[PDB]
């Protein structure tokens, strides 16, 4: 017969390994089975004795604790984890990383934005929210994401780590914390600098070198929308702006400082992306490409195409503006 949607066709299983995967085609259950497959496929179920039913329940519980924000939602969480999965195969990460490290990368990726409220750290801090007060202005959102993740894992029925010895739990916990806290974009430049410092003489057996590489990998996945095919990447920009304009409107309304790059009166889809692609995304992937040359063809190539395309779109937007006064 034809099988229900939550049983994945072998074609889907093959495509899920690539960054070309159309993340929009699927509904929550399907995305959940994809994530489930990822954990069996990467050998994590086997190597950490994860009860398969607990795995399913953990995923449903993770899903429940993402909110319906325009951008920072379950689908984002899915993109980040799916990109991480793609890079595991693209860069043959199982040759460089222990299975515990793969578990840290994957789990951190899935958990990195739990219960995101849809307003960034600058808002939390400027408006003196309960979160800012609780975290003393220190990466409040990312601390919260990480706490929710471990609240979830402390419910015994959601605890995928239940059969891991306490030495492994401690190593995994600290790994996930580092990685989730590393996604706070306030720290982008710091982390990139530390990473570039090690890249002068990179050493795969050096634990500090690897920690940074993992921090860079999760960061790559977190903001990797523009790496994806044009058709898959574009709607994410509408989602981004919808969520961010919601914040700046509120900042205006409550008399809080407003950042030009998020002002709904000043921003186009093009100006949102160009600078970000040229000066944040491209340099980051260029550096990763030095360790993993195969990344150039698969991830810098589409970033270049997207830069050029949005640069052209701006020339056109500007010419059109000029024309209404010229």
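Numbering follows the first chain given and starts at 1.
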Next on the checklist: If you average the CA temperature factors as listed in the entry, which stretch comes out higher, 24-32 or 274-282?
Outcome noted: 24-32
Checklist entry - Of the two stretches 309-317 and 7-15, which shows the higher Cα B-factor on average in the entry? => result 7-15
Checklist entry - Per the PDB entry, which option out of 222, 142, 207, 137 has the greatest Cα B factor? => result 207
Item to check | Residue of maximum C-alpha B factor among 159, 178, 129, 94, per deposited coordinates | outcome: 94
Next on the checklist: Among the modelled residues of this chain, does the Cα B factor of residue 226 put it in the lowest, middle or highest third?
Outcome noted: middle
Next on the checklist: Please say which third, lowest, middle or highest, residue 165 falls into when its CA temperature factor is compared across its chain.
Outcome noted: highest
Checklist entry - Where does residue 184 sit by CA temperature factor within its chain: lowest, middle or highest third? => result lowest
Checklist entry - Which third of the chain does residue 245 land in by C-alpha B-factor: lowest, middle or highest? => result middle
Item to check | Record-listed C-alpha B factor of residue 38: chain third | outcome: lowest
